[PDB]
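Novice: The structure file query-v6.pdb (PDB, N, CA and C atoms and all ligand atoms) is provided below.
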```
ATOM      1  N   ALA A   1      -8.789   6.859  -4.913
ATOM      2  CA  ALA A   1      -7.732   6.235  -4.125
ATOM      3  C   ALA A   1      -6.386   6.434  -4.793
ATOM      4  N   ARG A   2      -5.329   6.303  -4.001
ATOM      5  CA  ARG A   2      -3.956   6.400  -4.481
ATOM      6  C   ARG A   2      -3.423   4.992  -4.710
ATOM      7  N   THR A   3      -3.149   4.670  -5.969
ATOM      8  CA  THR A   3      -2.668   3.348  -6.338
ATOM      9  C   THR A   3      -1.379   3.454  -7.137
ATOM     10  N   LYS A   4      -0.596   2.386  -7.079
ATOM     11  CA  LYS A   4       0.660   2.327  -7.799
ATOM     12  C   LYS A   4       0.798   0.937  -8.399
ATOM     13  N   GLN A   5       1.571   0.880  -9.487
ATOM     14  CA  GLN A   5       1.929  -0.370 -10.153
ATOM     15  C   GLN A   5       0.734  -1.101 -10.753
ATOM     16  N   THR A   6      -0.206  -0.330 -11.282
ATOM     17  CA  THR A   6      -1.375  -0.914 -11.913
ATOM     18  C   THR A   6      -1.059  -1.319 -13.352
ATOM     19  N   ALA A   7      -1.854  -2.248 -13.874
ATOM     20  CA  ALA A   7      -1.713  -2.699 -15.256
ATOM     21  C   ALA A   7      -1.958  -1.559 -16.239
TER      22      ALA A   7
ATOM     23  N   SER B   1       4.543   2.421   6.301
ATOM     24  CA  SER B   1       5.409   3.552   6.666
ATOM     25  C   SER B   1       6.521   3.162   7.664
ATOM     26  N   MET B   2       6.160   2.530   8.786
ATOM     27  CA  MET B   2       7.127   1.721   9.523
ATOM     28  C   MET B   2       7.383   0.400   8.809
ATOM     29  N   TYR B   3       6.522   0.085   7.856
ATOM     30  CA  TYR B   3       6.633  -1.070   6.983
ATOM     31  C   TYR B   3       7.432  -0.699   5.732
ATOM     32  N   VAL B   4       8.658  -0.222   5.956
ATOM     33  CA  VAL B   4       9.547   0.201   4.875
ATOM     34  C   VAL B   4      10.956  -0.279   5.183
ATOM     35  N   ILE B   5      11.645  -0.784   4.156
ATOM     36  CA  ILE B   5      13.041  -1.193   4.251
ATOM     37  C   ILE B   5      13.779  -0.550   3.088
ATOM     38  N   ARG B   6      15.112  -0.600   3.133
ATOM     39  CA  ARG B   6      15.919   0.056   2.110
ATOM     40  C   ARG B   6      16.809  -0.954   1.394
ATOM     41  N   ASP B   7      17.164  -0.640   0.138
ATOM     42  CA  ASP B   7      18.120  -1.452  -0.608
ATOM     43  C   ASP B   7      19.509  -0.802  -0.569
ATOM     44  N   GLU B   8      20.443  -1.365  -1.337
ATOM     45  CA  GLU B   8      21.832  -0.911  -1.282
ATOM     46  C   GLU B   8      22.001   0.503  -1.807
ATOM     47  N   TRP B   9      21.058   0.973  -2.622
ATOM     48  CA  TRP B   9      21.095   2.296  -3.227
ATOM     49  C   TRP B   9      20.417   3.356  -2.375
ATOM     50  N   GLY B  10      19.798   2.970  -1.267
ATOM     51  CA  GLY B  10      19.030   3.898  -0.477
ATOM     52  C   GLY B  10      17.581   3.993  -0.885
ATOM     53  N   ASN B  11      17.150   3.184  -1.847
ATOM     54  CA  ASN B  11      15.749   3.166  -2.236
ATOM     55  C   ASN B  11      14.923   2.522  -1.133
ATOM     56  N   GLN B  12      13.641   2.859  -1.109
ATOM     57  CA  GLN B  12      12.701   2.360  -0.119
ATOM     58  C   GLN B  12      11.785   1.329  -0.754
ATOM     59  N   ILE B  13      11.528   0.247  -0.031
ATOM     60  CA  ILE B  13      10.594  -0.779  -0.474
ATOM     61  C   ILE B  13       9.540  -0.912   0.615
ATOM     62  N   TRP B  14       8.276  -0.744   0.247
ATOM     63  CA  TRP B  14       7.216  -0.810   1.240
ATOM     64  C   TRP B  14       6.805  -2.252   1.478
ATOM     65  N   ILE B  15       6.379  -2.538   2.712
ATOM     66  CA  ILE B  15       5.910  -3.861   3.118
ATOM     67  C   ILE B  15       4.407  -3.773   3.337
ATOM     68  N   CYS B  16       3.675  -4.751   2.830
ATOM     69  CA  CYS B  16       2.219  -4.816   3.009
ATOM     70  C   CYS B  16       1.874  -5.263   4.428
ATOM     71  N   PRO B  17       1.180  -4.454   5.229
ATOM     72  CA  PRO B  17       0.817  -4.925   6.576
ATOM     73  C   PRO B  17      -0.186  -6.062   6.560
ATOM     74  N   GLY B  18      -0.883  -6.290   5.441
ATOM     75  CA  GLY B  18      -1.890  -7.340   5.406
ATOM     76  C   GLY B  18      -1.295  -8.732   5.328
ATOM     77  N   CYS B  19      -0.275  -8.918   4.484
ATOM     78  CA  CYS B  19       0.402 -10.200   4.374
ATOM     79  C   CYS B  19       1.804 -10.188   4.967
ATOM     80  N   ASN B  20       2.318  -9.014   5.351
ATOM     81  CA  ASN B  20       3.648  -8.810   5.935
ATOM     82  C   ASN B  20       4.783  -9.113   4.964
ATOM     83  N   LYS B  21       4.508  -9.078   3.658
ATOM     84  CA  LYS B  21       5.500  -9.313   2.623
ATOM     85  C   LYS B  21       5.732  -8.066   1.770
ATOM     86  N   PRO B  22       6.901  -7.961   1.140
ATOM     87  CA  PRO B  22       7.260  -6.739   0.408
ATOM     88  C   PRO B  22       6.438  -6.513  -0.848
ATOM     89  N   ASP B  23       6.459  -5.254  -1.289
ATOM     90  CA  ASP B  23       6.172  -4.890  -2.671
ATOM     91  C   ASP B  23       6.881  -5.851  -3.615
ATOM     92  N   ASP B  24       6.110  -6.548  -4.447
ATOM     93  CA  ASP B  24       6.675  -7.477  -5.419
ATOM     94  C   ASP B  24       6.381  -7.047  -6.847
ATOM     95  N   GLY B  25       6.096  -5.761  -7.059
ATOM     96  CA  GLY B  25       5.785  -5.237  -8.375
ATOM     97  C   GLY B  25       4.319  -5.263  -8.754
ATOM     98  N   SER B  26       3.467  -5.886  -7.946
ATOM     99  CA  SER B  26       2.040  -5.974  -8.242
ATOM    100  C   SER B  26       1.328  -4.730  -7.722
ATOM    101  N   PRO B  27       0.059  -4.530  -8.095
ATOM    102  CA  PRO B  27      -0.623  -3.273  -7.746
ATOM    103  C   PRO B  27      -0.742  -3.082  -6.242
ATOM    104  N   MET B  28      -0.627  -1.827  -5.805
ATOM    105  CA  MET B  28      -0.734  -1.511  -4.389
ATOM    106  C   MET B  28      -1.593  -0.268  -4.226
ATOM    107  N   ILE B  29      -2.116  -0.095  -3.007
ATOM    108  CA  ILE B  29      -2.979   1.029  -2.661
ATOM    109  C   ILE B  29      -2.526   1.588  -1.316
ATOM    110  N   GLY B  30      -2.619   2.906  -1.152
ATOM    111  CA  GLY B  30      -2.075   3.593   0.013
ATOM    112  C   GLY B  30      -3.171   4.172   0.892
ATOM    113  N   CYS B  31      -3.021   3.997   2.200
ATOM    114  CA  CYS B  31      -4.015   4.508   3.135
ATOM    115  C   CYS B  31      -4.006   6.032   3.145
ATOM    116  N   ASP B  32      -5.187   6.633   3.047
ATOM    117  CA  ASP B  32      -5.299   8.086   3.025
ATOM    118  C   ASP B  32      -5.190   8.720   4.406
ATOM    119  N   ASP B  33      -5.027   7.930   5.469
ATOM    120  CA  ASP B  33      -4.719   8.459   6.792
ATOM    121  C   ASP B  33      -3.261   8.165   7.137
ATOM    122  N   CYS B  34      -2.895   6.894   7.339
ATOM    123  CA  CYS B  34      -1.564   6.542   7.836
ATOM    124  C   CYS B  34      -0.515   6.329   6.742
ATOM    125  N   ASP B  35      -0.916   6.197   5.475
ATOM    126  CA  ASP B  35      -0.008   6.050   4.326
ATOM    127  C   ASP B  35       0.821   4.755   4.357
ATOM    128  N   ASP B  36       0.359   3.719   5.062
ATOM    129  CA  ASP B  36       0.808   2.357   4.784
ATOM    130  C   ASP B  36       0.311   1.940   3.407
ATOM    131  N   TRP B  37       1.057   1.057   2.741
ATOM    132  CA  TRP B  37       0.694   0.587   1.410
ATOM    133  C   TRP B  37       0.472  -0.920   1.415
ATOM    134  N   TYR B  38      -0.574  -1.353   0.720
ATOM    135  CA  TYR B  38      -1.045  -2.735   0.724
ATOM    136  C   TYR B  38      -1.126  -3.282  -0.700
ATOM    137  N   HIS B  39      -0.822  -4.579  -0.881
ATOM    138  CA  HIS B  39      -1.194  -5.244  -2.130
ATOM    139  C   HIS B  39      -2.716  -5.244  -2.271
ATOM    140  N   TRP B  40      -3.221  -4.999  -3.488
ATOM    141  CA  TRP B  40      -4.670  -5.032  -3.717
ATOM    142  C   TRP B  40      -5.360  -6.284  -3.186
ATOM    143  N   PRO B  41      -4.932  -7.511  -3.516
ATOM    144  CA  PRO B  41      -5.678  -8.677  -3.015
ATOM    145  C   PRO B  41      -5.701  -8.770  -1.503
ATOM    146  N   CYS B  42      -4.693  -8.232  -0.817
ATOM    147  CA  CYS B  42      -4.670  -8.352   0.635
ATOM    148  C   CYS B  42      -5.708  -7.472   1.308
ATOM    149  N   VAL B  43      -6.319  -6.540   0.574
ATOM    150  CA  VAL B  43      -7.443  -5.760   1.074
ATOM    151  C   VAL B  43      -8.680  -5.960   0.199
ATOM    152  N   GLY B  44      -8.750  -7.094  -0.495
ATOM    153  CA  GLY B  44      -9.973  -7.471  -1.185
ATOM    154  C   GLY B  44     -10.280  -6.712  -2.453
ATOM    155  N   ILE B  45      -9.284  -6.101  -3.083
ATOM    156  CA  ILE B  45      -9.485  -5.274  -4.267
ATOM    157  C   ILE B  45      -9.066  -6.055  -5.507
ATOM    158  N   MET B  46      -9.950  -6.103  -6.507
ATOM    159  CA  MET B  46      -9.661  -6.727  -7.793
ATOM    160  C   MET B  46      -9.467  -5.737  -8.927
ATOM    161  N   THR B  47     -10.216  -4.647  -8.935
ATOM    162  CA  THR B  47     -10.072  -3.593  -9.918
ATOM    163  C   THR B  47      -9.814  -2.299  -9.170
ATOM    164  N   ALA B  48      -9.264  -1.322  -9.873
ATOM    165  CA  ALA B  48      -8.988  -0.049  -9.230
ATOM    166  C   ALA B  48     -10.275   0.512  -8.634
ATOM    167  N   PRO B  49     -10.223   1.079  -7.435
ATOM    168  CA  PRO B  49     -11.388   1.778  -6.906
ATOM    169  C   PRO B  49     -11.715   2.961  -7.791
ATOM    170  N   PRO B  50     -12.907   3.538  -7.662
ATOM    171  CA  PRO B  50     -13.140   4.859  -8.252
ATOM    172  C   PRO B  50     -12.016   5.800  -7.838
ATOM    173  N   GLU B  51     -11.407   6.461  -8.824
ATOM    174  CA  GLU B  51     -10.132   7.126  -8.564
ATOM    175  C   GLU B  51     -10.271   8.265  -7.562
ATOM    176  N   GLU B  52     -11.461   8.847  -7.438
ATOM    177  CA  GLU B  52     -11.676   9.901  -6.456
ATOM    178  C   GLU B  52     -12.039   9.375  -5.074
ATOM    179  N   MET B  53     -12.340   8.087  -4.947
ATOM    180  CA  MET B  53     -12.780   7.528  -3.675
ATOM    181  C   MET B  53     -11.649   7.543  -2.655
ATOM    182  N   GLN B  54     -11.935   8.007  -1.436
ATOM    183  CA  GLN B  54     -10.970   7.845  -0.353
ATOM    184  C   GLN B  54     -10.834   6.369  -0.007
ATOM    185  N   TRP B  55      -9.608   5.943   0.316
ATOM    186  CA  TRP B  55      -9.396   4.591   0.815
ATOM    187  C   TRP B  55      -8.615   4.634   2.122
ATOM    188  N   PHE B  56      -9.054   3.828   3.089
ATOM    189  CA  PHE B  56      -8.369   3.707   4.371
ATOM    190  C   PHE B  56      -8.112   2.238   4.675
ATOM    191  N   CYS B  57      -6.982   1.975   5.328
ATOM    192  CA  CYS B  57      -6.577   0.619   5.652
ATOM    193  C   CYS B  57      -7.433   0.083   6.795
ATOM    194  N   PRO B  58      -7.367  -1.222   7.071
ATOM    195  CA  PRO B  58      -8.260  -1.773   8.102
ATOM    196  C   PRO B  58      -8.026  -1.192   9.479
ATOM    197  N   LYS B  59      -6.795  -0.774   9.798
ATOM    198  CA  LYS B  59      -6.548  -0.173  11.105
ATOM    199  C   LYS B  59      -7.187   1.204  11.204
ATOM    200  N   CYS B  60      -7.061   2.010  10.153
ATOM    201  CA  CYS B  60      -7.659   3.338  10.142
ATOM    202  C   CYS B  60      -9.164   3.306   9.948
ATOM    203  N   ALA B  61      -9.705   2.218   9.395
ATOM    204  CA  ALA B  61     -11.151   2.094   9.242
ATOM    205  C   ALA B  61     -11.851   1.645  10.524
ATOM    206  N   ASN B  62     -11.106   1.247  11.550
ATOM    207  CA  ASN B  62     -11.710   0.883  12.826
ATOM    208  C   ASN B  62     -12.489   2.056  13.407
ATOM    209  N   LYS B  63     -13.548   1.735  14.142
ATOM    210  CA  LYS B  63     -14.318   2.735  14.871
ATOM    211  C   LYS B  63     -14.505   2.337  16.331
TER     212      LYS B  63
HETATM  213 MG    MG A 101       7.971  -1.654  -6.727
HETATM  214 ZN    ZN A 102       0.007  -8.111   0.952
HETATM  215 ZN    ZN A 103      -4.165   3.503   7.642
END
```
Could you quickly redo this structure as structure tokens?
Ligand SMILES: [Mg+2]
Ligand SMILES: [Zn+2]
Ligand SMILES: [Zn+2]
Specialist:
Amino acid sequence: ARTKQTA
Amino acid sequence: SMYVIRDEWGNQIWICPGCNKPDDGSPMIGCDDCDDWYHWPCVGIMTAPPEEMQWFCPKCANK
């Protein structure tokens, strides 16, 4: 998946 | 994608269709069909999905 602003 | 607004600099801020509230700096995930972006909790996500897994939003997951 395409994710942003993860820890 | 229609859930996008701009700031004074011309930057874009995405709006989560699940809660109808803006990106607030917390983790988000993007639909692999329509490219709307959602806060993780608003689509039931606690940890990152498998990074290769396709993800689709609830509208695109309809059949
Ligand atoms: Mg942001
Ligand atoms: Zn949300
Ligand atoms: Zn979608």
Novice: Which residue gives the smallest distance to ligand ZN 102 (chain A) among B:25, B:10, B:30, B:41, with only C-alpha atoms and all ligand atoms counted?
Specialist: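 Of the candidates, the smallest distance to ligand ZN 102 (chain A) is held by B:41.
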Novice: Mind listing the residues within 5 Å of ligand ZN 103 (chain A), only N, CA and C atoms and all ligand atoms counted, as a list in words?
Specialist: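 These are the residues that qualify: residues 31, 33, 34, 35, 57 and 60 of chain B.
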Novice: Let me have all residues with an atom within 7 Å of ligand MG 101 (chain A), counting all atoms listed in the file, laid out as a list in words.
Specialist: residues 13, 23, 24, 25 and 26 of chain B
Novice: What residues have any atom no more than 6 Å from ligand ZN 102 (chain A) when counting only N, CA and C atoms and all ligand atoms, and can you list them as a PyMOL selection string?
Specialist: chain B and resi 16-21+38-39+42
Novice: From the set B:1, B:37, B:29, B:9, which residue has the shortest atom-to-atom contact distance to residue B:51, counting only C-alpha atoms?
Specialist: B:29
Novice: For atom N of residue A:4 and atom N of residue B:63, determine how far apart the two atoms are, in Å to one decimal place.
Specialist: 24.9 Å
Novice: Measure the distance from atom CA of residue B:52 to atom CA of residue A:1 in Å and round it to one decimal.
Specialist: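 These two atoms are separated by 5.9 Å.
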Novice: Name every residue that the PyMOL selection byres (((chain A and resi 6) around 6) and not hetatm) selects in this structure, writing the answer as a PDB file with N, CA and C atoms, keeping the file's coordinate frame with chains first and numbers rising.
Specialist:
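part09.pdb, freshly written:
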```pdb
ATOM      1  N   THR A   3      -3.149   4.670  -5.969  1.00  0.00           N
ATOM      2  CA  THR A   3      -2.668   3.348  -6.338  1.00  0.00           C
ATOM      3  C   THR A   3      -1.379   3.454  -7.137  1.00  0.00           C
ATOM      4  N   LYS A   4      -0.596   2.386  -7.079  1.00  0.00           N
ATOM      5  CA  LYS A   4       0.660   2.327  -7.799  1.00  0.00           C
ATOM      6  C   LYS A   4       0.798   0.937  -8.399  1.00  0.00           C
ATOM      7  N   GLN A   5       1.571   0.880  -9.487  1.00  0.00           N
ATOM      8  CA  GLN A   5       1.929  -0.370 -10.153  1.00  0.00           C
ATOM      9  C   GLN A   5       0.734  -1.101 -10.753  1.00  0.00           C
ATOM     10  N   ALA A   7      -1.854  -2.248 -13.874  1.00  0.00           N
ATOM     11  CA  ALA A   7      -1.713  -2.699 -15.256  1.00  0.00           C
ATOM     12  C   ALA A   7      -1.958  -1.559 -16.239  1.00  0.00           C
TER      13      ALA A   7
ATOM     14  N   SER B  26       3.467  -5.886  -7.946  1.00  0.00           N
ATOM     15  CA  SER B  26       2.040  -5.974  -8.242  1.00  0.00           C
ATOM     16  C   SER B  26       1.328  -4.730  -7.722  1.00  0.00           C
ATOM     17  N   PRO B  27       0.059  -4.530  -8.095  1.00  0.00           N
ATOM     18  CA  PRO B  27      -0.623  -3.273  -7.746  1.00  0.00           C
ATOM     19  C   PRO B  27      -0.742  -3.082  -6.242  1.00  0.00           C
ATOM     20  N   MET B  28      -0.627  -1.827  -5.805  1.00  0.00           N
ATOM     21  CA  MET B  28      -0.734  -1.511  -4.389  1.00  0.00           C
ATOM     22  C   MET B  28      -1.593  -0.268  -4.226  1.00  0.00           C
TER      23      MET B  28
END
```
Novice: Looking at all atoms listed in the file, which of B:55, B:3, B:14, B:40 is the one that sits closest to chain A?
Specialist: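 Of B:55, B:3, B:14, B:40, the one nearest chain A, counting all atoms listed in the file, is B:55.
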Novice: Determine the axis-aligned bounding box of all atoms of chain A present in the file, pad each side by 6 Å, and express its centre and edge lengths in Å to one decimal place as AutoDock Vina command-line options.
Specialist:
```
--center_x -3.4 --center_y 2.1 --center_z -10.1 --size_x 22.7 --size_y 21.6 --size_z 24.2
```
Novice: Please report, as a PyMOL selection string, each residue of chain B to which DSSP assigns helix (DSSP H, G or I) when run on this structure's backbone.
Specialist: chain B and resi 40-43
Novice: Using only N, CA and C atoms, find the one residue out of B:22, B:15, B:48, B:8 that sits nearest to chain A.
Specialist: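 Among the listed residues, B:48 lies closest to chain A.
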Novice: Taking only C-alpha atoms into account, name the residue in B:45, B:50, B:6, B:36 that is nearest to chain A.
Specialist: B:50
Novice: Where does DSSP see strand (DSSP E or B) in stretch 3-57 of chain B, if you list the residues as a list in words?
Specialist: residues 4, 5, 6, 12, 13, 14, 15, 22, 28, 29, 30, 37, 38 and 39 of chain B
Novice: Given the choices B:11, B:58, B:43, B:32, which gets closest to chain A if the distance is worked out from all atoms listed in the file?
Specialist: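 Checking each of B:11, B:58, B:43, B:32 against chain A, counting all atoms listed in the file, the winner is B:32.
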Novice: Just how far from atom C of residue B:59 is atom CA of residue B:7, in Å to one decimal?
Specialist: 28.1 Å
